[PDB]
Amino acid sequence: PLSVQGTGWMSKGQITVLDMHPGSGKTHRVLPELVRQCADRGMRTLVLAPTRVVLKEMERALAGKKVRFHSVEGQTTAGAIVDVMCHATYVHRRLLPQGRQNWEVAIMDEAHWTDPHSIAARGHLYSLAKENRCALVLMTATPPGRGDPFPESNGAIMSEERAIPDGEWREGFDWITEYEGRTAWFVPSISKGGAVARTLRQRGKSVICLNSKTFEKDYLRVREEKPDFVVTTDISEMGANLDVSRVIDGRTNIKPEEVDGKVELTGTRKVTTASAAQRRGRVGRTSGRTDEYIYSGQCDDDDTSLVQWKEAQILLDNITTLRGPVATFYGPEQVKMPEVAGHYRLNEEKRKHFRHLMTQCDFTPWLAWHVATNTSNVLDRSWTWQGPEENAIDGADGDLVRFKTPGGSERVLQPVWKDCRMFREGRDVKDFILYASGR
């Protein structure tokens, strides 16, 4: 990889995009050497990993280099010069006063990821590099910007469009279960994945389901158990080495969107070309055999309306200050920033509350921001029941959700700011009730 040969890539202001083919050692071979070079040069270095899995892998790889691995609170005077942490950890640390450090070189792995923390993190680092405050290395097979759904790969890939079950199925689709070898099947949602997994197990196949909720614990089981099928959301687009020879890819994704002041989860969108390329990129890792990519439909690069962009600006605005040059999203993504930069910045005490809601109460950035903006006492939960009547939340039995406050009054779950992701897709209304009731 020529651009990172020598030391030119380490000069302040240099931004390097490393777009190696999947399976070519980006994370497990190149990145560690990069870090050792920085450590040898005595340069303060930041290494960002997409997930805990990768973070502990990176840890391992840096076996001679003195690093401080951050597995979000706290600060030490121990004095290692390389810090390694997840994308979200970087953002969350910068929400607090004690967490706003500076590094001369920053290396971000899986830098395409469209979780808002990742978007915010690469935006902040890009903005710092544009101000000549650090060097920046973005490592990803699908750099944000132009892209091809069928990029080059180390091994041959047969790509074929076929009808794919929209959940369970009862007859046909025999090619699914006749396949000898292991498959990764991408689904748009946890809900769809549960349906797909149910049929596969009924047909005698072994299945592991991966999503945002299960990935850090169950991804490790894939190597150990070698399931017939990995049924996965887009969470596997971010470094997961699933060790399959076929991908099944409906090319859809859930579509969280703020509509009429609420974040809705209705329907799906066709995936972006980058996303499609990452899904397809689970196979073709080596030469030898010919892998398969079975898909359905076309891509849709226009993801501008998704709530992720707003959430990324919410996060970026609160890890930057009003003073100094204005931050942006990473290059071509700036088009998708929904307001003028700084719009969502909170004062220091509201930001502390904002951070708590995300890190201790599992709130989305969108919901944490609205609560932090509009509430003054962190113990006041009345906003969870003082919303409009169309924000009433159905419980598991389809009835209203009733709960008691500590004083004994009975309330109906009906938030002022309604984020459907808090009651679906890996989050359970029962845990929100724990918050609303003041437990």
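Residue numbers here begin at 1 and follow the sequence given.
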property: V72 preceded by how many uncoordinated deposited residues after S71; result: 1 to 3
property: Between the two ranges 1 to 9 and 430 to 438, the one averaging a larger CA B factor in the entry; result: 1 to 9
property: Mean C-alpha B-factor comparison - 99 to 107 and 180 to 188, higher one; result: 99 to 107
property: Deposited CA B-factor, highest of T214, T304, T321, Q278; result: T321
property: Out of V378, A49, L46, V371, highest CA B-factor residue; result: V378
property: Entry-reported Cα temperature factor of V82, expressed as the chain third it lands in; result: highest
property: Assigned third (lowest, middle, highest) for the C-alpha B factor of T266; result: highest
property: Third assignment of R162 from its chain's C-alpha B-factors; result: middle
property: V326 CA temperature factor, ranked by third within the chain; result: highest
property: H353 by Cα B-factor - lowest, middle or highest third of the modelled chain; result: highest
